[PDB]
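Source file: coords_20.cif. Holds: mmCIF, N, CA, C and O atoms.
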data_data
#
loop_
_atom_site.group_PDB
_atom_site.id
_atom_site.type_symbol
_atom_site.label_atom_id
_atom_site.label_comp_id
_atom_site.auth_asym_id
_atom_site.auth_seq_id
_atom_site.Cartn_x
_atom_site.Cartn_y
_atom_site.Cartn_z
ATOM 1 N N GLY A 1 42.617 229.321 -130.356
ATOM 2 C CA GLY A 1 41.951 228.376 -131.234
ATOM 3 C C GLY A 1 40.924 229.040 -132.129
ATOM 4 O O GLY A 1 39.802 228.553 -132.266
ATOM 5 N N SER A 2 41.308 230.157 -132.740
ATOM 6 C CA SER A 2 40.411 230.893 -133.622
ATOM 7 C C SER A 2 40.091 230.079 -134.872
ATOM 8 O O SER A 2 40.955 229.391 -135.417
ATOM 9 N N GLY A 3 38.843 230.164 -135.323
ATOM 10 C CA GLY A 3 38.429 229.430 -136.505
ATOM 11 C C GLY A 3 38.931 230.066 -137.787
ATOM 12 O O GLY A 3 39.336 231.228 -137.795
ATOM 13 N N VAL A 4 38.905 229.302 -138.874
ATOM 14 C CA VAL A 4 39.362 229.798 -140.168
ATOM 15 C C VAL A 4 38.216 229.848 -141.172
ATOM 16 O O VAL A 4 37.401 228.928 -141.245
ATOM 17 N N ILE A 5 38.161 230.928 -141.943
ATOM 18 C CA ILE A 5 37.115 231.098 -142.945
ATOM 19 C C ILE A 5 37.503 230.435 -144.262
ATOM 20 O O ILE A 5 38.665 230.459 -144.662
ATOM 21 N N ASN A 6 36.519 229.844 -144.933
ATOM 22 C CA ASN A 6 36.756 229.175 -146.207
ATOM 23 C C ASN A 6 36.320 230.055 -147.373
ATOM 24 O O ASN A 6 35.126 230.245 -147.609
ATOM 25 N N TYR A 7 37.294 230.589 -148.101
ATOM 26 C CA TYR A 7 37.011 231.452 -149.243
ATOM 27 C C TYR A 7 37.423 230.778 -150.549
ATOM 28 O O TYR A 7 38.591 230.810 -150.936
ATOM 29 N N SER A 8 36.454 230.171 -151.225
ATOM 30 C CA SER A 8 36.714 229.486 -152.486
ATOM 31 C C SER A 8 35.800 230.013 -153.588
ATOM 32 O O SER A 8 34.656 229.580 -153.723
ATOM 33 N N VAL A 9 36.315 230.952 -154.377
ATOM 34 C CA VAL A 9 35.548 231.539 -155.469
ATOM 35 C C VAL A 9 36.277 231.383 -156.797
ATOM 36 O O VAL A 9 37.488 231.592 -156.884
ATOM 37 N N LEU A 10 35.532 231.016 -157.835
ATOM 38 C CA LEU A 10 36.107 230.831 -159.164
ATOM 39 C C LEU A 10 35.583 231.886 -160.134
ATOM 40 O O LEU A 10 36.340 232.435 -160.936
ATOM 41 N N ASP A 11 34.287 232.164 -160.053
ATOM 42 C CA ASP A 11 33.663 233.156 -160.922
ATOM 43 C C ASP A 11 33.991 234.571 -160.456
ATOM 44 O O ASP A 11 33.112 235.306 -160.006
ATOM 45 N N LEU A 12 35.261 234.945 -160.568
ATOM 46 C CA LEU A 12 35.705 236.272 -160.158
ATOM 47 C C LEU A 12 35.551 237.275 -161.297
ATOM 48 O O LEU A 12 35.650 236.916 -162.471
ATOM 49 N N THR A 13 35.313 238.533 -160.942
ATOM 50 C CA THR A 13 35.148 239.588 -161.934
ATOM 51 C C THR A 13 36.498 240.122 -162.399
ATOM 52 O O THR A 13 37.484 240.065 -161.666
ATOM 53 N N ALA A 14 36.534 240.642 -163.623
ATOM 54 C CA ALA A 14 37.762 241.188 -164.185
ATOM 55 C C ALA A 14 38.261 242.372 -163.365
ATOM 56 O O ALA A 14 39.447 242.464 -163.047
ATOM 57 N N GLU A 15 37.349 243.278 -163.026
ATOM 58 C CA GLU A 15 37.698 244.459 -162.244
ATOM 59 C C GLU A 15 38.212 244.063 -160.863
ATOM 60 O O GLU A 15 39.120 244.695 -160.324
ATOM 61 N N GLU A 16 37.623 243.015 -160.296
ATOM 62 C CA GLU A 16 38.020 242.537 -158.977
ATOM 63 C C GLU A 16 39.370 241.827 -159.040
ATOM 64 O O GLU A 16 40.241 242.053 -158.199
ATOM 65 N N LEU A 17 39.535 240.970 -160.040
ATOM 66 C CA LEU A 17 40.778 240.226 -160.212
ATOM 67 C C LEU A 17 41.944 241.170 -160.485
ATOM 68 O O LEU A 17 43.024 241.018 -159.915
ATOM 69 N N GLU A 18 41.717 242.146 -161.358
ATOM 70 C CA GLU A 18 42.749 243.117 -161.705
ATOM 71 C C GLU A 18 43.165 243.929 -160.480
ATOM 72 O O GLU A 18 44.336 244.272 -160.319
ATOM 73 N N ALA A 19 42.196 244.234 -159.623
ATOM 74 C CA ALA A 19 42.460 245.003 -158.414
ATOM 75 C C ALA A 19 43.460 244.284 -157.513
ATOM 76 O O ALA A 19 44.336 244.913 -156.919
ATOM 77 N N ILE A 20 43.320 242.968 -157.415
ATOM 78 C CA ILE A 20 44.211 242.164 -156.587
ATOM 79 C C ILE A 20 45.610 242.100 -157.188
ATOM 80 O O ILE A 20 46.608 242.245 -156.482
ATOM 81 N N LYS A 21 45.677 241.882 -158.496
ATOM 82 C CA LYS A 21 46.954 241.802 -159.195
ATOM 83 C C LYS A 21 47.778 243.065 -158.971
ATOM 84 O O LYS A 21 48.998 243.004 -158.811
ATOM 85 N N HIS A 22 47.104 244.212 -158.959
ATOM 86 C CA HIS A 22 47.774 245.490 -158.752
ATOM 87 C C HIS A 22 48.072 245.714 -157.272
ATOM 88 O O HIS A 22 49.066 246.348 -156.920
ATOM 89 N N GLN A 23 47.204 245.190 -156.413
ATOM 90 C CA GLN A 23 47.374 245.335 -154.972
ATOM 91 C C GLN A 23 47.411 246.806 -154.573
ATOM 92 O O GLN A 23 48.158 247.199 -153.677
ATOM 93 N N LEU A 24 46.599 247.616 -155.244
ATOM 94 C CA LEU A 24 46.537 249.045 -154.961
ATOM 95 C C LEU A 24 45.590 249.329 -153.799
ATOM 96 O O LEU A 24 44.459 248.847 -153.775
ATOM 97 N N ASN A 25 46.060 250.119 -152.838
ATOM 98 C CA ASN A 25 45.255 250.469 -151.674
ATOM 99 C C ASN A 25 44.866 249.222 -150.886
ATOM 100 O O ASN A 25 43.702 248.824 -150.838
ATOM 101 N N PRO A 26 45.865 248.589 -150.251
ATOM 102 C CA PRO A 26 45.652 247.378 -149.453
ATOM 103 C C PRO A 26 44.881 247.659 -148.167
ATOM 104 O O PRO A 26 44.528 248.803 -147.881
ATOM 105 N N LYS A 27 44.623 246.609 -147.396
ATOM 106 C CA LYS A 27 43.895 246.742 -146.139
ATOM 107 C C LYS A 27 44.727 246.222 -144.971
ATOM 108 O O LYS A 27 44.679 246.770 -143.871
ATOM 109 N N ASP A 28 45.489 245.162 -145.219
ATOM 110 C CA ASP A 28 46.333 244.570 -144.188
ATOM 111 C C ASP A 28 47.440 245.534 -143.771
ATOM 112 O O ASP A 28 48.383 245.774 -144.524
ATOM 113 N N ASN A 29 47.315 246.085 -142.568
ATOM 114 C CA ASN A 29 48.303 247.025 -142.052
ATOM 115 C C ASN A 29 49.346 246.305 -141.201
ATOM 116 O O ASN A 29 50.496 246.736 -141.113
ATOM 117 N N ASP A 30 48.935 245.207 -140.576
ATOM 118 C CA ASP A 30 49.833 244.427 -139.733
ATOM 119 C C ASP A 30 49.575 242.933 -139.901
ATOM 120 O O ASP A 30 48.485 242.521 -140.301
ATOM 121 N N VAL A 31 50.586 242.125 -139.597
ATOM 122 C CA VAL A 31 50.470 240.675 -139.715
ATOM 123 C C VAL A 31 49.962 240.276 -141.097
ATOM 124 O O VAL A 31 48.771 240.029 -141.283
ATOM 125 N N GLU A 32 50.876 240.217 -142.062
ATOM 126 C CA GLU A 32 50.519 239.847 -143.426
ATOM 127 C C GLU A 32 51.142 238.507 -143.807
ATOM 128 O O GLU A 32 52.260 238.190 -143.398
ATOM 129 N N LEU A 33 50.412 237.724 -144.593
ATOM 130 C CA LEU A 33 50.892 236.418 -145.029
ATOM 131 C C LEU A 33 51.108 236.393 -146.540
ATOM 132 O O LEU A 33 50.834 237.373 -147.232
#

Rewrite the structure from the file as structure tokens, please.
Amino acid sequence: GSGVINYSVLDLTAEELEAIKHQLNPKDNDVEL
């Protein structure tokens, strides 16, 4: 019954947003959704 974190951000940075789009150097090594 692990809790879930609420991540709701709109004011994202260009450098941050671009980083996700590229998905370069990920962190999730196992169990990905």

Å distance separating atom O of residue A:19 from atom CA of residue A:3, one decimal place: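 Value for the atom O of residue A:19-atom CA of residue A:3 distance: 26.3 Å.
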
With 5 Å on each side, where is the centre of the axis-aligned box around all listed atoms of stretch 10-22 of chain A, and how long are its edges in Å to one decimal, as JSON?
{"center_x": 41.1, "center_y": 238.6, "center_z": -160.3, "size_x": 26.0, "size_y": 25.5, "size_z": 17.7}

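Atom N of residue A:12 is found 27.4 Å from atom O of residue A:29.
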
Backbone DSSP call of alpha helix (DSSP H) for chain A, listed as a PyMOL selection string: chain A and resi 14-22

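Going from atom N of residue A:17 over to atom C of residue A:30, you cover 22.6 Å.
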